[PDB]
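> sharing the initial chains of the complex here, in place:
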Amino acid sequence: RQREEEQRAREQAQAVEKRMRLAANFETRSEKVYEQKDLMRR
Amino acid sequence: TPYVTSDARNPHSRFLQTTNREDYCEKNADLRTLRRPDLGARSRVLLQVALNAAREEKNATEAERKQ
Amino acid sequence: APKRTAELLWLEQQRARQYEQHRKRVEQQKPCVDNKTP
Amino acid sequence: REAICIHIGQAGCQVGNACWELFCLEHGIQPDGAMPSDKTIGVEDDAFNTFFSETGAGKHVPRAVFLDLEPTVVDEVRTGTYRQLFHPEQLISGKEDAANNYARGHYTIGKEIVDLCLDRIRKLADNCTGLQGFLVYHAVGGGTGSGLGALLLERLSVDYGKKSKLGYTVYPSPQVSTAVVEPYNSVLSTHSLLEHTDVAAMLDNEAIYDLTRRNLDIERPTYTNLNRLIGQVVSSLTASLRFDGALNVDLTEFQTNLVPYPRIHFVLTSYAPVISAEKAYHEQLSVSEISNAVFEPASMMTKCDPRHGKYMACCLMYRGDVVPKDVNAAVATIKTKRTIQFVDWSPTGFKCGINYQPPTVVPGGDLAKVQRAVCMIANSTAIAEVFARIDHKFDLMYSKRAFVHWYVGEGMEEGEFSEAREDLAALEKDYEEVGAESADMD
């Protein structure tokens, strides 16, 4: 009975780690995107 | 006769070539035909000058604002 | 046609009955999609 | 973002060569996997990610498997021009063919090869972060394409579950034919494909030959021409995932808009500006002209006439220089036409997509260069005529149990013929009932 709860625990942990990784990648890409827009304007 | 199941116009000729080799050769994969034509020399020089000037002014502004 | 025997006649009769049943089920088909009004 | 392609048998591998030639030339990947960038400043766009993954050294390798039971065509790919592009594990080949027998592919021979294929697909799925479906290319006329395609789709459907499976399938042409046993293999394939596929795209070689004779001026076409047209269609449908646009369309939106009931998933396909280079510069090619073109039966890649049926849903993909106002004016004009009819339960019949990237031109190709194109996928009751003709040919041949001893010898029960034929009969009657006007109100 405890095995199902433990498997759910690893599943939830993996999901939340994936979401945080995606958010960090989005921020890092966005910075360079808007910087090169500014350079094109100049 | 030696011409049974053969042609006397061009005997001793074997056409060792497949369809795919003719159809998907290296000529069809060349990317040089998809590039737009290059600019003139004057425009290239001016492009380099303008890019360098923009880089310098952006770097100067960033240094001035963030010190 | 080959010579008529007991086993051949039995096989032909059973096989024809099988074919008739299959055809009857093909022509008597009922639907499966639910287009009925709620 | 990513999609995985599965190529089965002879048609699927040969169509794969044209598809990967197109995707390489459209992204700019060289035959050895390298991208010859012109500048180091800036960064390389992510659009390749849908079809390629890069190694740490920057080489690209594609997300595809090629499946065959005979080695010859895959060995030709191994020895051809794109040798360095594909990973050698992805090109899987057996020793001997399924000899036009669905039973030999499904029960006896495909059962040995299927576990290696599933291991390769697993190795691909572990190297993804947003897989959103499988695309499958195969022909249902041959033995290994039908048998191994069905068995493999069954295993993926159990292992991956909800993930979508969209098929491009080459069916037996209505009067051009290549083998005697085509009806048995096509019926038995269609029985498995009915339960385990979300959208099925229908193709007929006779239609693409007619299209290449009438619009292009080619008197003696060969399979490379048809495969290049199919590759263009796949590039148009998948462009919505890869480039910027006004109205994007995710593959789940495709499935949601085109399929009204879970069994009604067979769709017609057409492509508009099929034109030669010499004709293209004498005529304008406005949005309304290509929109008028996609509804004529001369544009279709399947031999069926939609005037004998009713449309249920249409999905229109525009790529290139198009403005939404012109799409709206075109669709309103089509809706005015009297020879185009929709079932009365489907009032909002259209889905639109608009992408900014115009179609690419291939050096040895026969299509002209054009700034815009439209591609249509549509669900229509007219497809019932294709099944009726295959089932009629089956009934004439099955009345004498023609060739049946091969199928019974290779491992299949005789009952499977009757089950599949009864299921296809029920699908034909389903298309009869769904298309019946609701004149009765209780």
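Yep, it's here. Residues are numbered from 1 along each chain as shown, chains lettered A, B, ... in the order given.
> ranges for the strands of chain C?
For chain C, no strands turn up when DSSP state E is the criterion.
> near chain D, which residues of it?
When proximity is defined as Cβ under 8 Å from any Cβ of the partner chain, chain C approaches chain D at C:22, C:25-26, C:29-35, C:37. Just so you know, the C-beta spots here come from the backbone N, C-alpha and C atoms, and that holds for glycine as well.
> in ChimeraX, how would I select just the buried ones from those residues?
ChimeraX command restricting the residues of chain C next to chain D to the buried ones, with burial defined by 16 or more other Cβ atoms under 10 Å in any protein chain shown:
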select /C:22,26,33
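> farthest pair in the residues of chain C next to chain D?
Comparing all pairs in the residues of chain C next to chain D by Cβ to Cβ, the longest separation belongs to C:22 and C:37, at 34.1 Å.
> mind giving me the packing neighbours of the strand or helix carrying residue A:10?
When elements are assigned from DSSP states H and E, residue A:10 belongs to helix A:2-41. Under the contact definition 3 or more Cβ pairs under 8 Å, 6 or more residues apart in numbering or on different chains; DSSP states H and E, helix A:2-41 sits against helix B:41-65.
> and for the helix it packs on, what's in contact with it?
A:38-39, A:42, B:38-39 (Cβ atoms under 8 Å, 6 or more residues apart in numbering or on different chains).
> which residue is nearest the middle of the chain?
Since no chain was named, I'll use chain A. The residue lying closest to the centre of chain A (Cα atoms, centre = their mean) is residue A:22, at 1.8 Å.
> sorry, should have said chain D
Among the residues of chain D, the one closest to the centroid is residue D:168, at 2.2 Å (Cα atoms, centre = their mean).
> throw chain E on there as well:
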Amino acid sequence: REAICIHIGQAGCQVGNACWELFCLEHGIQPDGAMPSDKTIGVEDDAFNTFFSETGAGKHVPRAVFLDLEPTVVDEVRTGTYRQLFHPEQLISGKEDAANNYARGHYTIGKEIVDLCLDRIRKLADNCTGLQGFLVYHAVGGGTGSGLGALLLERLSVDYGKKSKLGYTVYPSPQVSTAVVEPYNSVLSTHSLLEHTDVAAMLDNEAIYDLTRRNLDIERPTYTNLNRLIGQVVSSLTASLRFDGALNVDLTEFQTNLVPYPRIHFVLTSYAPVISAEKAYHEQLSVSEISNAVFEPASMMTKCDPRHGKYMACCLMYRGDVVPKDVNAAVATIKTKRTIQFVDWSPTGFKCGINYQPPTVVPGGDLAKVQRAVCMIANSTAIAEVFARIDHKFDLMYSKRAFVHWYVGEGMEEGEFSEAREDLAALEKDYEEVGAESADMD
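Placing chain E onto the earlier chains gives this:
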């Protein structure tokens, strides 16, 4: 941080040639013992010290002895390319072999050669300031390896006491075989390995042959390939002593983490990125992929399947560009798997090590160049199956005294067969009992 290597018999000397070739090329010592300086200004660096000692003139000489009863292979080393690297006294050779008789090696012939070997091992141990173990390479299938290896380990155990002894042992393969009398020698080798070693890693040539056929593309491998793989494994395990890293692991940590009870010290070994040069440029090799590889049975260097048993402890060594967070994520993913099981009394089943030096590439080698690798040593109850097959073959031959007169003639009592067979039977019962769940609570 010094270690002394002892090579016994034919397999041990031939594996020693590959090991010392690799350690020389990895540190950079030329075959003549000189290290060519690269920078004119700066310290000389000191990493060889684990395996080499330098003279005051700067020549390097290695910390090894080569032991054999037949002269041919050692005379070939004396006449080969590395003649000047070894000190000539270190290469010890007798006059005649032990003729596949453990009794001949232990009682009759090894007693003459053993005292020179003990004098050389003593002279090495006196030239140390930090010693952390003896590494021993031998095969238990042959006469001199079994008999002289046992006698020398007994003498070392009395003279050196607490110092650790780690053995790499070639055990008789489960169906590939080379000599008829292998079971008797392997059984008699048991007690020597049970009470006179701290951890013994067992290897079978049939597994390394399978690994070289499946992963590398070699149709006709020979012993130089297997010996190069063993040398790579030893280099990976000893790298933690020689180069900088995030998490170092001293040789005593292996014994502390891998051995639960003093007799339960037999471990399985596997290596992950065994890959060819043509495949290596088509694939990325991330931490999670190689971590998944070491647990697949296709990767092991011993012919046993761990799915038929339970793991008690695992030690994972990562070398190269790896980050600890990725190692933790990989180990958590392995822990999630349902086909990997640990005994319930071992909750923290893993020990990790991370070193920055990537694996070296050997000019004539067959492995590709890769940026990262992982090596595993693990203790599992599945190992009990190897002993059961050795016991069955011994019982078949011993039931009719098939060859006993040779052993009794060379000096051994018939009682020794029954005693050794009962000790290995008790070891089998120990592995049955340790793996039994504690379902009984009092």
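> try what packs on helix A:2-41 again now we have chain E.
For helix A:2-41, the elements it packs on are helix B:41-65, helix E:324-336, judged by 3+ Cβ pairs under 8 Å, 6+ apart.
> hmm, the shortest one in reach of chain A?
Read it as helix E:324-336. Yes: applying Cβ under 8 Å from any Cβ, one finds helix E:324-336 touching chain A at E:329, E:332, E:335-336.
> what does the stretch 101-250 of chain D put close to chain B?
D:222, D:224.
> closest residue of the stretch 101-250 of chain D to chain A?
Using Cβ to the nearest Cβ, the closest approach of the stretch 101-250 of chain D to chain A is made by residue D:129 at 7.8 Å.
> dump the residue contacts of the closest residue to chain D within chain B.
Closest residue of chain B to chain D, Cβ to the nearest Cβ: residue B:28 (4.2 Å). Residue B:28 is in contact with D:21, D:362-364, counting by Cβ under 8 Å, 6+ apart.
> follow-up on the earlier one: can the helices and strands packed on helix A:2-41 go into JSON lines with extra columns for mean neighbour count?
As requested, those are exported to JSON lines (neighbours: other Cβ atoms under 10 Å in any protein chain shown):
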{"stretch": "helix B:41-65", "mean neighbour count": "11"}
{"stretch": "helix E:324-336", "mean neighbour count": "15"}
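> export these to JSON lines and tack on distance to residue E:76?
Listed next are those as JSON lines, based on distance: least, Cβ to Cβ, whole Å:
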{"stretch": "helix B:41-65", "distance to residue E:76": "67"}
{"stretch": "helix E:324-336", "distance to residue E:76": "43"}
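> so which of the ones you listed gets nearest residue D:98?
helix E:324-336 (38.3 Å).
> chain F goes on too:
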Amino acid sequence: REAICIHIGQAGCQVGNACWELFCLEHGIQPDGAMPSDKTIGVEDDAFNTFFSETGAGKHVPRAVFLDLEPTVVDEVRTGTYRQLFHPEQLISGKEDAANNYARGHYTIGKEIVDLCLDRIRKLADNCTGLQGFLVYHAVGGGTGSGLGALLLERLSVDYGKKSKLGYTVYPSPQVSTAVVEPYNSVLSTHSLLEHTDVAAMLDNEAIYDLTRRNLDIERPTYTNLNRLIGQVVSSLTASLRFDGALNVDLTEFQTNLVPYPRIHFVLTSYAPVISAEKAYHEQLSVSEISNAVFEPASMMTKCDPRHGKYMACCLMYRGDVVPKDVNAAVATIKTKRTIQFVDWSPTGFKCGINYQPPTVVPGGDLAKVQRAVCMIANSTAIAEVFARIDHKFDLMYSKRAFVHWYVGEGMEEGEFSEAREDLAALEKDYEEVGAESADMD
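One more piece, chain F, placed on the ones above:
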């Protein structure tokens, strides 16, 4: 609580040997009738009583009689390994066989032996306190099984009345055959069996041969394999009476649930996890997979195809680690299928049973060890085809009176053949009538 087993003739006694071997090994009694000296019998409970009675000294003896007309097989039982288990009075043997003549058994020879059998059954029945049926094992193809089985069932049916009598019956396979006169004996047997049996389960040896070829890996099966399968089936069906469970099933509920009309009492049997000891260890096999398996024709132990008929009632026995929610989900999924059809008067078609004791493994056996199994008994109109073909073979032989003079010499009026043949014709018409939709005209 109590049940009495009656074994008749050769097939019934040989199947009985396997049954009592299995029931002995499942409870844990030794071949001499004594409980092991090491068992603690923690339940301290009377589980044996369904099949065994204990002596005051604690010896067990089983509630069975073995009836045969030839001595050899029963003398084999008397001299075999279980010699001490049976009471010598229980093993009853006549002088000479019924020579494949129903007439010889019924009229000439069985009339002498029948009063001893009835006296033995009486001696058993007075020493019971909650008897709930008789189990009968016989073949209808042979002389003593037909004639004495009918005569004994008639006498039992008059004397005991309402008490249930359950038969396990081996009918002559439709093309494998062992004797020429099988149709006559089977028709004459079936005439008596229709009136005087409460449920009859049908088996064909060619089907069990097919099942052992496809699922098990046996190239050369023999009757002992079939008998081990039969013993497993009987143990599965009667385990629900004998051990604790979630949903118990007494033998009297079967007749109420399975039999719609008093003549319609012939049922089909099949068994799911037929797998060999060497392989199939990897597949755990969920409830829904084995439920899907029991409906495939490769799983049945009788050669009939249910796709050519309609089910009237099903009884599904699940044994092992199963949870009721999974049984409910499986049965609802089966009910969803389109190739499975029930007669419209039976909407609630299913009975379920769930028992916790997993199936026992026999040391010499050929089935693997598995955690769960499912067993099926089902009522279907397809059975009508077996009788019609037997009747055709009877008509073919009887048209020329091919053997009748033997039967007439042994005592029968010619009218008795025609009466029985007309009654079986009426049984055919009953199976025609029950399958009639019979819409309500108005």
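> once more on the contacts of helix B:41-65, this time with chain F?
Residues from elsewhere that reach helix B:41-65 (Cβ under 8 Å, 6+ apart): A:38-39, A:42, B:38-39.
> apply 10 Å and report the result again.
Contacting residues not belonging to helix B:41-65 are listed as A:35, A:38-42, B:38-40, D:41 [Cβ atoms under 10 Å, 6 or more residues apart in numbering or on different chains].
> make sure I have this right: residue D:30 is in a helix.
No: using DSSP: H, G, I helix; E, B strand; the rest coil, the assignment for residue D:30 is coil, not a helix.
> closest residue of chain A to chain E?
For chain A, Cβ to the nearest Cβ, closest residue to chain E: residue A:10, 5.1 Å.
> if I pick the residue lying closest to that residue once chain neighbours are set aside, what's in contact with it?
Closest residue to residue A:10 apart from its sequence neighbours, by Cβ to Cβ, 6 or more residues apart in numbering or on different chains: residue E:336 at 5.1 Å. Counting by Cβ under 10 Å, 6+ apart, residue E:336 makes contact with A:6-7, A:10-11, A:13-14.
> looking at those, which is nearest residue D:439?
Distances from residue D:439 to the contacts of residue E:336, taken by Cβ to Cβ, are shortest for residue A:11, at 52.4 Å.
> neighbours of that closest one, how many?
11 (other Cβ atoms under 10 Å in any protein chain shown).
> how about it, what does it touch?
So residue A:11 contacts residue E:336 (Cβ under 10 Å, 6+ apart).
> separation between it and residue A:20?
15 Å (Cβ to Cβ, to the nearest Å).
> for residue D:29, same thing?
32 Å.
> of the two, which one has the most company?
Set residue D:29 next to residue A:20 and count neighbours by other Cβ under 10 Å: residue D:29 wins out with 25 against 10.
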